[PDB]
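Heads up, the thing below is written out as structure tokens.
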Amino acid sequence: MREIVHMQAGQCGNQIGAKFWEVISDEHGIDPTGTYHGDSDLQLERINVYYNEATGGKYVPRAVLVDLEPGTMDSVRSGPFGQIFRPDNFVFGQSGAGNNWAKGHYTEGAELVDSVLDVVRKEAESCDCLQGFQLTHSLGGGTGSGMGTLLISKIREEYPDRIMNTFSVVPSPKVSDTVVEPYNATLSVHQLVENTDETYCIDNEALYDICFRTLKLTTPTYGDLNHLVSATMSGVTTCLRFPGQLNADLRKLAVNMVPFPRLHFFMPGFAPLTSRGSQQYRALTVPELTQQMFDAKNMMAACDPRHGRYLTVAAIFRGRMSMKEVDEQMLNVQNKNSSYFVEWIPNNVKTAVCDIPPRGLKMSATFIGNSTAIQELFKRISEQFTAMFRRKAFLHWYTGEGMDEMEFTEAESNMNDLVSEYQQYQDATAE
Amino acid sequence: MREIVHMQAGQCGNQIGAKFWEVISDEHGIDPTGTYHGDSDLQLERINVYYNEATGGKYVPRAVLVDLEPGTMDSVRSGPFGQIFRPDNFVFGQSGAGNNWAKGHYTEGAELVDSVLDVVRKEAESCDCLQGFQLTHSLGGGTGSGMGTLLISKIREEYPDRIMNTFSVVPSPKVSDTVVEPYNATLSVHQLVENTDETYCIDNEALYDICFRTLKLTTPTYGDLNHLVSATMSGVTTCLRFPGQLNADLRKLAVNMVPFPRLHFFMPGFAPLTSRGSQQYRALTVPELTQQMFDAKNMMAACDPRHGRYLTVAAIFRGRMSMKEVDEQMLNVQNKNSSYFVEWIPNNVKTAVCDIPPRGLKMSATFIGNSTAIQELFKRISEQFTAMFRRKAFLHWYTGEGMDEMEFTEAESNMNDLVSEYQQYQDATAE
Amino acid sequence: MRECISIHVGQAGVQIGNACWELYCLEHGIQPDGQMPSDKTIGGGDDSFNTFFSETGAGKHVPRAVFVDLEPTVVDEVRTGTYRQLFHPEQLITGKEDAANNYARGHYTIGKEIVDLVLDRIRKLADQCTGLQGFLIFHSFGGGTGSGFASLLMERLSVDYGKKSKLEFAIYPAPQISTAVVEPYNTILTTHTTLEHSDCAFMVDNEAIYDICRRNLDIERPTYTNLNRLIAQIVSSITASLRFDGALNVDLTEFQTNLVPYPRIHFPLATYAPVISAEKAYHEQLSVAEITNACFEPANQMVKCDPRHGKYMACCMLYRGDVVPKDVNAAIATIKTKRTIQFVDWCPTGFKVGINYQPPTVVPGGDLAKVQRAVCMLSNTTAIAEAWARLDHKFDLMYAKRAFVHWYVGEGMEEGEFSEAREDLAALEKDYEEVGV
Amino acid sequence: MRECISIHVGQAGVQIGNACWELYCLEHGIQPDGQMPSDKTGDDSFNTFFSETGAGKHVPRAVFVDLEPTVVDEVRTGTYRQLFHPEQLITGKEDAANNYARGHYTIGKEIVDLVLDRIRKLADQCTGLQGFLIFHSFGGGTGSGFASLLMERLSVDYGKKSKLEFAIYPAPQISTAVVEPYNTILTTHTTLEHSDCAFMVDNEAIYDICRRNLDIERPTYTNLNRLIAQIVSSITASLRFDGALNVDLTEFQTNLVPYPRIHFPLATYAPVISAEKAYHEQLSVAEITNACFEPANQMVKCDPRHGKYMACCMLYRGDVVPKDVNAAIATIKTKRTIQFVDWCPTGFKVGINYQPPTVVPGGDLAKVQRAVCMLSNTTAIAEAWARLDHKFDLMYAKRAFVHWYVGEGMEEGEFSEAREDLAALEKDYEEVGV
Amino acid sequence: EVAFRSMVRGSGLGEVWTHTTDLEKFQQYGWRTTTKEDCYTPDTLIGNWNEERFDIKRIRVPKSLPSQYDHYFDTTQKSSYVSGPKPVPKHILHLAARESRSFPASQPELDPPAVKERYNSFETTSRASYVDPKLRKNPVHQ
Amino acid sequence: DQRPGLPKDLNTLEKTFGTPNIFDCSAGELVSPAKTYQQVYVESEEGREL
Ligand SMILES: Nc1nc2c(ncn2[C@@H]2O[C@H](COP(=O)(O)OP(=O)(O)OP(=O)(O)O)[C@@H](O)[C@H]2O)c(=O)[nH]1
Ligand SMILES: Nc1nc2c(ncn2[C@@H]2O[C@H](COP(=O)(O)OP(=O)(O)OP(=O)(O)O)[C@@H](O)[C@H]2O)c(=O)[nH]1
Ligand SMILES: Nc1nc2c(ncn2[C@@H]2O[C@H](COP(=O)(O)OP(=O)(O)O)[C@@H](O)[C@H]2O)c(=O)[nH]1
Ligand SMILES: Nc1nc2c(ncn2[C@@H]2O[C@H](COP(=O)(O)OP(=O)(O)O)[C@@H](O)[C@H]2O)c(=O)[nH]1
Ligand SMILES: [Mg+2]
Ligand SMILES: [Mg+2]
């Protein structure tokens with residue numbers, strides 16, 4: 001047993017979780033009736049990681065879908081692969097937080113969290129060896145930054161020994177799309193610094209750029225962004241799911257990446273990415289995969305790797321490939337780029353190759369990058385927070401609900417300490 | 001196979017009895033000629049409770065019509081649904097009492113008592129189970145009050161255990177309509193309180209208030225009041241006629257209603273009542289029926305139950321509903337208006353759910369209330385009686401028939417005693 | 001050979017029996033006409049129906065039940081509906097007047113004429129037996145035929161048949177959810193009479209089954225049909241050992257000897273508890289440990305009382321379906337190691353289990369799912385003392401000023417019978433604290 | 001689970017509700033008798049505006065209310081007679097005569113209990129009410145006094161839930177009545193502290209829009225009310241239908257109201273177009289986003305370029321691909337004509353719905369793939385407040401039309417208190433703008 | 001908040017009746033005879049003219065053709081929200097007699113067949129639920 | 001009157017005006033195409049001999 005309790009919080013979290021469950025059921029061969037119609041038994045060999053055998057040999061995911069209003073929850077249930085979910089795990093409210101972190105953390109979000117803790121208590125009790133918990137939400141949003149962070153805190157209190165990996169969507173530098181994004185993002189990251197073991201942040205305009213540039217796609221809307229993030233979702237768990245030459249579980253990735261306990265915000269990346277016309281002109285080899293991984297156009301976050309230092313790189317390769325192909329392709333990247341890697345960590349690339357590639361690809365690779373480039377995103381959110389908090393705009397909802405300015409100042413100070421730690425470990429020399 | 005013999009006394013009794021025999025014949029699917037034209041078998045299953053089998057498909061009502069003058073008998077036979085009654089059950093004399101209780105009870109009524117008792121004995125010995133007798137009449141009349149109570153006394157002498165209920169159109173505070181109405185009402189209720197098992201006490205001004213405030217109808221006429229009274233009578237007796245989830249007949253109602261044998265004056269209420277424009281828009285649900293049932297101005301007695309305290313309540317629901325919602329709503333209304341229920345009786349509300357809705361409606365409810373607010377009616381009749389009697393007004397008409405003032409003084413004493421019993425129970429404490 | 005006679009007295013008894021006998025017909029494959037529509041029939045082993053049905057020698061089965069009600073409407077509903085040719089016409093015993101929610105009318109005056117006829121019918125059914133296993137009495141304590149005439153019938157059966165199993169299924173009133181006023185009088189009178197004339201007194205509460213249907217089946221607005229179907233499922237799980245072959249068959253005598261410690265503590269609690277609906281039923285494992293932990297929950301008892309306030313004395317676990325004994329042993333071990341479930345100090349061996357091969361059948365006109373594993377939990381414990389105390393509170397606060405007593409007094413029964421019954425049930429309560437300590 | 005209650009106060013509110021409920025029945029496929037056309041071939045989007053009293057009939061969650069029984073009687077005898085609830089069309093006997101005193105103190109105190117009991121019955125039938133949509137005008141009488149009285153008597157009972165106000169704000173240089181300055185000054189002082197989002201729509205602005213973008217040189221109030229009905233349909237289509245990221249009535253308060261005393265956005269439904277122009281145009285996301293910031297396509301007659309944008313709420317409707325919205329907002333942010341306030345780097349709340357807009361058979365708008373409704377909170381309303389302040393000062397310099405209020409029951413100092421409240425509102429807008 | 005109130009009842013247009021006490025009920029609407037809003041035709045808009053026009057005896061008669069001089073009486077909320085003439089059904093127009101009602105003005109002719117079938121089919125619980133358990137595994141079709 | 005600007009026959013409220021949004025080759029058939037494993041193995045072993 002290595003089980004991950006999955007959670008979806010907020011509209012973004014619910015939709016991206018539904019797309020993730022669709023693609024992982026495609027990978028494991030589960031049909032929309034909950035049965036198995038695959039070809040190789042390797043799909044069945046480790047079903048127990050995310051699925052749950054009901055009566056008759058059917059499989060139901062260990063996912064808690066939560067939102068304060070029946071919305072996207074009903075959309076997920078009515079959409080494809082919706083009846084696979086347990087109807088007991090469709091816990092919902094009737095009110096609505098709506099970009100109101102105070103309301104999602106202290107009002108009716110804070111009373112339905114007892115039911116969500118009861119559901120995850122049942123899901124963890126009906127297991128033998130829990131690997132950890134993953135949760136999908138969005139900073140700068142509503143209930144995802146609210147009940148999501150409340151869930152992170154309470155579950156970290158309940159099980160303070162399991163690997164906790166939040167994925168989350170951070171706000172976008174270009175466009176606005178929500179006015180209280182700095183407030184909600186700061187109040188959520190203040191919880192996410194000390195509680196979560198690892199975070200794989202998603203950025204919407206970075207996804208827009210990677211869809212428009214490297215895959216063209218004309219109009220892929222939101223579902224294809226959800227698919228292209230779900231690719232990395234399956235990518236950094238496929239060593240736990242499928243066998244291979246070198247295996248790296250979530251705990252192994254967490255210890256091999258995180259240098260210091262505060263430093264745990266990563267950037268994902270999927271790179272067997274081709275357009276429609278260039279897929280018959282491009283040759284899929286491991287050096288080409290590493291080129292597209294370390295390409296800055298494949299960064300899922302609003303971050304420039306050239307303006308920073310990569311603390312640690314993780315590379316999850318999928319498919320039948322040689323081992324020193326990967327090893328020498330990371331040696332070559334490190335030797336070619338000595339000014340963009342930290343000098344005090346020798347060979348900061350952790351590689352793991354599994355034998356089962358994803359659907360429709362001979363080879364694939366997932367890049368998870370811990371860098372100091374997140375400092376620019378956090379100083380963006382911090383300066384936006386200070387700009388709004390100087391004139392106290394949109395603060396009256398939070399204060400007239402019950403938090404005070406002291407919590408906001410502590411969150412801003414903690415996030416500034418995180419920025420200072422990033423800059424200190426970026427500017428720290430080897431000797 | 002139970003049986004209830006219907007008796008109509010006076011003009012009011014004959015009119016609302018004719019409306020009653022219209023409504024329940026429509027309920028059992030009997031045409032005005034007398035044949036059976038129903039489409040189901042539940043109508044014909046319990047048709048023997050009120051209809052004797054005749055030649056062919058004819059069905060003769062088990063009703064005895066009595067009034068000293070033929071003026072209303074000829075009309076009630078010549079009107080609609082008047083050719084269904086047996087012509088031998090139309091007993092009549094030459095003169096008339098006419099608001100002259102002494103003539104109705106001692107001189108002119110007493111001549112017809114032998115014939116009408118022969119007719120009632122004929123019907124009772126034609127019966128094989130004979131659950132009881134229902135008498136419809138008006139307090140404040142000559143033949144309805146005096147001869148009606150004389151019939152009540154004779155039938156109690158003949159059958160001292162079979163159930164007896166009188167429907168008792170009662171005087172109202174401001175309609176009046178008669179200058180000897182307090183005399184007639186007091187002398188009739190003096191017999192009723194000791195010789196009746198269930199007195200229902202329907203009020204004309206209250207019926208106008210219901211029919212105008214709830215149903216609009218700026219011309220509320222006379223047959224509409226007859227229709228409301230008949231709807232309440234049918235809703236009272238429906239469990240004897242139709243199958244249901246939890247049946248309750250007149251004796252079950254009497255046992256659950258009457259705590260002490262002199263406290264048996266009730267308040268009827270029918271409450272799927274809605275305006276002409278609001279029929280297609282209103283939803284006939286159990287909580288809404290409960291609200292309209294316990295609505296204060298939906299009571300067909302002129303006394304407000306807010307000026308008192310309920311002792312016992314009966315709710316006869318008709319239609320397909322849920323028992324849990326029914327008794328949960330009774331629990332809710334008791335715990336909300338706990339100040340209007342006696343604390344020394346738990347579960348003041350008896351329930352009776354029958355499965356057959358009335359014709360033209362989807363779901364109905366009938367109310368019976370043994371409240372202590374009818375002491376206002378009794379005190380009103382007492383004060384009008386003692387206003388008239390202290391000056392000996394209109395007393396020569398009553399004393400020229402063989403009556404003395406001792407009967408009037410006894411009626412004072414008995415009404416004041418009943419007022420005292422109702423008075424001490426609305427404020428008697430448990431411990 | 002192992003045959004039981006069912007006596008369904010009162011309107012509640014007749015309706016519960018109407019659900020129970022259609023459940024029995026569905027279980028044994030008997031069509032509503034009375035015959036087997038299996039056509040090919042095949043002999044093999046097909047004597048499982050003999051507990052509740054008898055051959056007429058022509059393919060028709062008549063049930064071994066007597067439907068009693070003093071008013072002719074709920075029995076005529078059975079005689080008119082689709083289960084008309086199934087029942088023998090003489091077992092559908094009806095009266096003329098109902099007992100009018102009056103223990104005196106049910107027990108002394110109206111119940112005195114029809115008791116001879118129903119005893120005659122029970123005599124014919126007992127003569128049509130090759131060894132009677134027991135009696136299954138179904139009634140309501142609410143009042144009338146189910147309270148007075150039920151007590152009269154069971155005392156007459158105790159006089160006549162003597163030593164026989166007398167399992168009764170009582171519709172006890174709720175603390176708040178009830179539809180009568182003289183109902184606490186009727187309950188207090190009937191618990192004094194049916195205390196020395198019964199050996200198991202399985203109690204179900206209308207509000208408790210309302211809460212069960214609202215929580216598990218998520219029937220927000222249920223009718224009596226669902227409650228009767230759940231009670232029928234309980235009785236079917238009880239009699240499954242007598243009817244169908246299994247590994248450990250717990251008959252009525254084994255059941256009583258493992259359940260009741262003393263002759264006056266014969267008041268257990270029933271909880272058949274895979275009770276989840278077909279919507280949220282097929283997404284779960286529904287294992288033996290899961291259903292045992294569902295049984296051992298405070299908000300699953302089908303009588304309104306909290307078991308954490310009392311001490312468990314005996315438990316009987318009737319499993320149904322594909323149930324292996326090792327999962328039973330593991331579940332019982334987990335329940336015993338659980339600390340919120342307290343057993344009394346003088347009963348170490350607190351469990352008696354029994355496994356039947358036949359799975360429960362789904363009723364197509366119902367809401368319970370077609371589950372494979374079932375367990376029905378029957379625990380004799382001391383948590384009913386609070387229900388007894390609530391009933392005593394109601395009885396005392398009405399009897400303090402003698403409300404509604406004249407209906408009983410002037411129609412048979414004397415005044416002091418209420419005092420005698422109150423004293424008897426107070427003695428029963430004192431018995432319960434003596435066993436509890 | 002998500003429902004709204006529509007209260008229509010005054011004659012203008014009742015006529016706006018006529019157009020709105022005609023549009024609602026059209027876009028949910030409800031005939032004027034209240035029946036679906038069946039046709040067999042699962043729609044449930046009506047369960048925010050149509051209570052299903054189960055017979056096959058759907059009834060609106062609307063309370064028409066008025067003191068003058070003329071326009072509501074027109075509704076009650078018109079084509080939508082067998083659809084509205086008969087006991088939801090509450091009328092008085094006397095008029096209100098454009099008198100705030102006669103709408104708040106004398107005529108309306110015997111009918112406020114009736115309208116609140118109807119609202120209470122609708123809310124008790126409701127199962128998760130988001131809030132109320134109150135359609136009225138600041139002209140006077142019913143729309144000024146009675147609507148405000150409903151604001152206190154609903155905020156003191158419910159609270160919490162949304163109270164969105166659709167005000168027909170008086171025009172700068174034209175109007176109909178004469179005591180509208182007095183009524184508008186008196187309305188805001190009692191409406192400001194009990195409200196959540198009270199946005200305004202102006203008659204001159206709709207006249208310019210209909211005369212320019214629709215080629216209606218002689219428009220009546222029917223076109224005005226239909227054009228406001230499209231705005232309310234676009235503001236509630238996120239609650240009604242599914243789509244992309246959805247903006248219900250909860251984010252409208254916490255994304256548009258930075259300070260408690262300033263809750264005044266502006267509507268802008270601006271693919272407003274006719275058949276010829278839409279035939280020759282290729283209406284796309286960038287064009288319909290750029291057409292919303294133009295001063296010509298504004299729903300109030302104010303100057304948006306002489307003001308700083310506080311916040312915006314984009315409500316896109318139809319075949320909208322999400323990155324086109326973000327590209328349009330990026331272009332708007334690089335534009336210099338639109339000026340934002342300094343304490344607001346992020347200032348847009350974007351919500352896309354997939355349902356195309358609906359066209360009324362007989363009307364002015366054309367069938368279009370895409371629609372945009374901006375709810376824009378700006379600082380440009382201070383000019384309108386200042387000009388009505390000037391109008392009130394001119395009328396109150398020598399006590400014109402004051403004797404009606406004084407003899408009806410209004411205190412003399414109430415005008416001074418409302419004047420002081422508007423002066424405080426001007427100072428609040430100046431402090432926000434600086 | 002008074003206890004035993006279900007719903008406040010309005011008058012023909014605006015008046016509410018005092019549900020608490022009965023002291024002025026003979027000067028409230030109804031019992032008041034000094035007024036005049038009771039003896040007009042239902043064409044005029046006083047009294048409960050809506051409820052009078054909702055009656056069977058006014059629904060059964062259909063509207064005539066518009067007159068010649070109707071353009072002088074055309075209205076904005078008659079020409080904008082256009083309505084065709086109502087085709088009153090034959091089962092209403094050929095109503096021979098009122099069928100079995102239960103209370104005054106309890107008109108069930110206007111009810112749709114979906115709710116008419118609910119009380120025309122005598123639905124009893126024991127027979128409806130304890131039916132043959134072979135007709136319940138699949139629905140029955142008309 | 002809106003007729004001579006529009007074409008000869010056009011039912012105003014039946015024809016939608018504006019440009020449509022063409023929906024082809026979404027990322028669901030680019031990131032993870034439905035091509036099993038034997039098909040992609042064959043399509044990748046094509047080539048290699050040269
Ligand atoms: N669980 C359940 N309880 C019922 C049912 N029917 C009746 N009851 C109970 O019975 C009580 C009412 O008394 P009854 O059992 O009907 O009385 P009776 O047996 O008909 O005898 P009489 O009073 O003489 O008519 C109510 O409080 C109910 O709790 C039923 O179908 N299911
Ligand atoms: N947009 C729009 N505005 C209207 C409409 N009808 C009236 N108005 C506005 O309403 C103002 C007239 O006063 P009303 O608001 O109608 O007054 P009322 O609400 O009827 O209340 P009273 O004082 O009793 O008349 C005018 O200045 C118009 O601007 C309409 O149909 N559409
Ligand atoms: N990738 C992706 N992001 C989304 C989607 N829907 C919303 N978002 C993002 O979620 C953020 C808003 O969070 P929100 O859903 O409103 O949180 P909620 O109020 O709790 O539901 C925005 O920044 C969007 O970019 C989606 O379908 N896919
Ligand atoms: N509700 C109602 N009241 C009636 C009816 N007929 C008469 N009354 C009332 O009965 C009273 C007169 O009683 P009456 O019928 O003359 O008694 P009688 O002399 O014995 O016939 C009057 O005050 C009327 O208001 C009727 O059909 N319905
Ligand atoms: Mg009975
Ligand atoms: Mg007006």
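For the structure tokens, the naming scheme is as follows: chains receive sequential letters (A, B, ...) according to their order of presentation, residues are indexed from 1 within each chain, and ligands are indexed from 1 in presentation order.
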
Item to complete: Residues of chain C near chain B: apply a cut-off of 8 Å, count only C-alpha atoms, and supply the list as a PyMOL selection string.
Response: chain C and resi 11+72-74+77+96-97+100-102+176-182+207+210+221-224+394+397-398+403-407

Discussion item. So that I can check the surroundings of range 102-116 of chain E, please list as a PyMOL selection string every protein, DNA and RNA residue that reaches within 8 Å of it, counting only C-alpha atoms and ignoring chain neighbours fewer than 6 positions away.
Written reply: (chain B and resi 23+211+215+224-225+227-228+231+273+275-276+279-280+358-362) or (chain D and resi 55-56) or (chain E and resi 56+92)

Worksheet entry | Neighbour list for residue 102 in chain A as a PyMOL selection string, cut-off 10 Å, only C-alpha atoms, skip fewer than 2 positions in-chain | chain A and resi 97+99-100+104-107+109-110+142-143+145-147+184+187+397-403

Keeping only C-alpha atoms, write those residues as a CSV table (one decimal), in the first residue's frame.
```csv
chain,number,residue,atom,x,y,z
A,97,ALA,CA,-17.9,32.2,-0.1
A,99,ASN,CA,-13.5,35.2,-3.3
A,100,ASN,CA,-14.1,35.7,0.5
A,104,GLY,CA,-14.3,30.3,3.4
A,105,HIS,CA,-12.2,30.0,6.5
A,106,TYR,CA,-14.4,31.2,9.4
A,107,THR,CA,-18.0,31.1,8.3
A,109,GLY,CA,-16.7,26.8,5.3
A,110,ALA,CA,-15.5,26.3,8.9
A,142,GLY,CA,-12.6,31.6,-3.1
A,143,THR,CA,-13.2,28.4,-1.3
A,145,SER,CA,-7.8,29.3,-0.6
A,146,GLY,CA,-10.3,29.1,2.3
A,147,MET,CA,-11.6,25.5,3.0
A,184,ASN,CA,-6.6,35.5,-0.9
A,187,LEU,CA,-3.7,34.5,3.3
A,397,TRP,CA,-15.5,42.3,4.3
A,398,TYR,CA,-12.8,40.4,6.2
A,399,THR,CA,-12.8,42.8,9.2
A,400,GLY,CA,-16.6,42.9,9.5
A,401,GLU,CA,-16.6,39.1,9.3
A,402,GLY,CA,-14.0,38.7,12.1
A,403,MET,CA,-10.4,38.7,11.2
```

Which neighbours of residue 282 in chain C fall inside 10 Å, counting only C-alpha atoms, when residues of the same chain fewer than 4 positions from it are skipped, and could you give them as an mmCIF file with N, CA, C and O atoms, in the first residue's frame?
```
data_model
loop_
_atom_site.group_PDB
_atom_site.id
_atom_site.type_symbol
_atom_site.label_atom_id
_atom_site.label_comp_id
_atom_site.auth_asym_id
_atom_site.auth_seq_id
_atom_site.Cartn_x
_atom_site.Cartn_y
_atom_site.Cartn_z
ATOM 1 N N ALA A 54 -15.212 -1.512 -4.790
ATOM 2 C CA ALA A 54 -16.559 -1.691 -4.283
ATOM 3 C C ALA A 54 -17.006 -3.129 -4.530
ATOM 4 O O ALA A 54 -16.204 -4.005 -4.866
ATOM 5 N N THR A 55 -18.298 -3.386 -4.350
ATOM 6 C CA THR A 55 -18.840 -4.711 -4.617
ATOM 7 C C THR A 55 -18.857 -4.986 -6.116
ATOM 8 O O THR A 55 -19.134 -4.097 -6.925
ATOM 9 N N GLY A 56 -18.560 -6.230 -6.483
ATOM 10 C CA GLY A 56 -18.540 -6.620 -7.877
ATOM 11 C C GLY A 56 -17.262 -6.306 -8.619
ATOM 12 O O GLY A 56 -17.242 -6.404 -9.851
ATOM 13 N N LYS A 58 -15.659 -3.308 -8.892
ATOM 14 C CA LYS A 58 -15.677 -1.995 -9.518
ATOM 15 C C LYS A 58 -14.772 -1.067 -8.722
ATOM 16 O O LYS A 58 -14.473 -1.337 -7.557
ATOM 17 N N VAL A 60 -13.681 2.912 -7.440
ATOM 18 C CA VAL A 60 -14.172 4.249 -7.109
ATOM 19 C C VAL A 60 -12.998 5.051 -6.556
ATOM 20 O O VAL A 60 -12.287 4.554 -5.675
ATOM 21 N N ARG A 86 -17.767 8.508 -5.564
ATOM 22 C CA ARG A 86 -18.690 8.110 -4.509
ATOM 23 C C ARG A 86 -19.645 9.259 -4.203
ATOM 24 O O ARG A 86 -19.192 10.387 -3.974
ATOM 25 N N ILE C 276 -28.440 1.035 3.771
ATOM 26 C CA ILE C 276 -28.177 2.127 2.845
ATOM 27 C C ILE C 276 -28.872 1.864 1.512
ATOM 28 O O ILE C 276 -29.196 0.729 1.158
ATOM 29 N N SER C 277 -29.103 2.940 0.766
ATOM 30 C CA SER C 277 -29.949 2.903 -0.416
ATOM 31 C C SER C 277 -29.166 2.469 -1.654
ATOM 32 O O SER C 277 -27.935 2.425 -1.664
ATOM 33 N N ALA C 278 -29.915 2.158 -2.716
ATOM 34 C CA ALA C 278 -29.323 1.664 -3.954
ATOM 35 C C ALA C 278 -28.490 2.716 -4.670
ATOM 36 O O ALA C 278 -27.599 2.355 -5.445
ATOM 37 N N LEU C 286 -18.835 -2.712 1.665
ATOM 38 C CA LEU C 286 -19.906 -3.384 2.412
ATOM 39 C C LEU C 286 -19.434 -4.710 3.010
ATOM 40 O O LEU C 286 -20.065 -5.757 2.843
ATOM 41 N N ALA C 369 -31.277 -1.797 -1.132
ATOM 42 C CA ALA C 369 -30.527 -2.328 -2.256
ATOM 43 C C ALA C 369 -30.394 -3.846 -2.155
ATOM 44 O O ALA C 369 -30.639 -4.455 -1.111
ATOM 45 N N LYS C 370 -29.997 -4.459 -3.271
ATOM 46 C CA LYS C 370 -29.755 -5.901 -3.321
ATOM 47 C C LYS C 370 -28.345 -6.166 -2.806
ATOM 48 O O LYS C 370 -27.381 -6.316 -3.560
ATOM 49 N N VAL C 371 -28.227 -6.219 -1.481
ATOM 50 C CA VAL C 371 -26.933 -6.443 -0.855
ATOM 51 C C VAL C 371 -26.646 -7.939 -0.776
ATOM 52 O O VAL C 371 -27.548 -8.779 -0.809
#
```

Worksheet item: Superposing chain A on chain B by least squares with every Cα paired in order, what RMSD results?
Response: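 My reading of the C-alpha RMSD is 0.7 Å.
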
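Distances from C:93, C:65, C:42, C:209 to ligand 1 were compared using only C-alpha atoms and all ligand atoms, and the smallest one belongs to C:209.
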
Worksheet item: What residues have any atom no more than 9 Å from ligand 4 when counting only C-alpha atoms and all ligand atoms, and can you list them as a ChimeraX atom specification?
Response: /B:9-17,19,67-69,72,96-101,104,137-148,169-172,175-178,181,202-205,207-208,222-229

Discussion item. Just want the residues within 10 Å of ligand 6, written as a ChimeraX atom specification, counting only C-alpha atoms and all ligand atoms.
Written reply: /D:9-13,66-71,94-98,139-143

Once you count only C-alpha atoms and all ligand atoms, which residues end up within 7 Å of ligand 5, and could you hand them over as a short mmCIF file (atom, residue, chain, number, x, y, z; two decimals) with N, CA, C and O atoms, in the first residue's frame?
```
data_model
loop_
_atom_site.label_atom_id
_atom_site.label_comp_id
_atom_site.auth_asym_id
_atom_site.auth_seq_id
_atom_site.Cartn_x
_atom_site.Cartn_y
_atom_site.Cartn_z
N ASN B 247 -56.63 4.85 10.57
CA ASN B 247 -58.04 5.22 10.63
C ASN B 247 -58.42 5.66 12.03
O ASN B 247 -57.79 5.29 13.02
N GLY C 10 -54.38 -5.99 15.46
CA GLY C 10 -54.43 -4.55 15.30
C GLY C 10 -54.17 -4.13 13.86
O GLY C 10 -53.74 -4.91 13.01
N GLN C 11 -54.45 -2.85 13.59
CA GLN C 11 -54.21 -2.31 12.25
C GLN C 11 -52.72 -2.27 11.93
O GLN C 11 -52.31 -2.60 10.81
N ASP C 69 -58.29 -7.70 13.48
CA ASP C 69 -58.58 -6.31 13.79
C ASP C 69 -60.06 -6.21 14.12
O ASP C 69 -60.89 -6.87 13.49
N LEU C 70 -60.38 -5.39 15.11
CA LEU C 70 -61.77 -5.26 15.54
C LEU C 70 -62.59 -4.41 14.58
O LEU C 70 -63.82 -4.49 14.60
N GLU C 71 -61.94 -3.60 13.74
CA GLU C 71 -62.77 -2.91 12.76
C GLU C 71 -62.58 -3.52 11.38
O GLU C 71 -61.50 -4.03 11.06
N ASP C 98 -64.58 -1.22 16.53
CA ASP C 98 -63.19 -1.12 16.93
C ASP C 98 -63.09 -0.86 18.44
O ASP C 98 -64.07 -0.51 19.10
N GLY C 144 -55.97 0.01 21.87
CA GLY C 144 -57.08 -0.63 21.19
C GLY C 144 -56.95 -2.13 21.06
O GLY C 144 -56.72 -2.83 22.05
N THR C 145 -57.12 -2.63 19.84
CA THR C 145 -56.98 -4.06 19.59
C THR C 145 -55.54 -4.52 19.78
O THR C 145 -55.29 -5.63 20.26
#
```
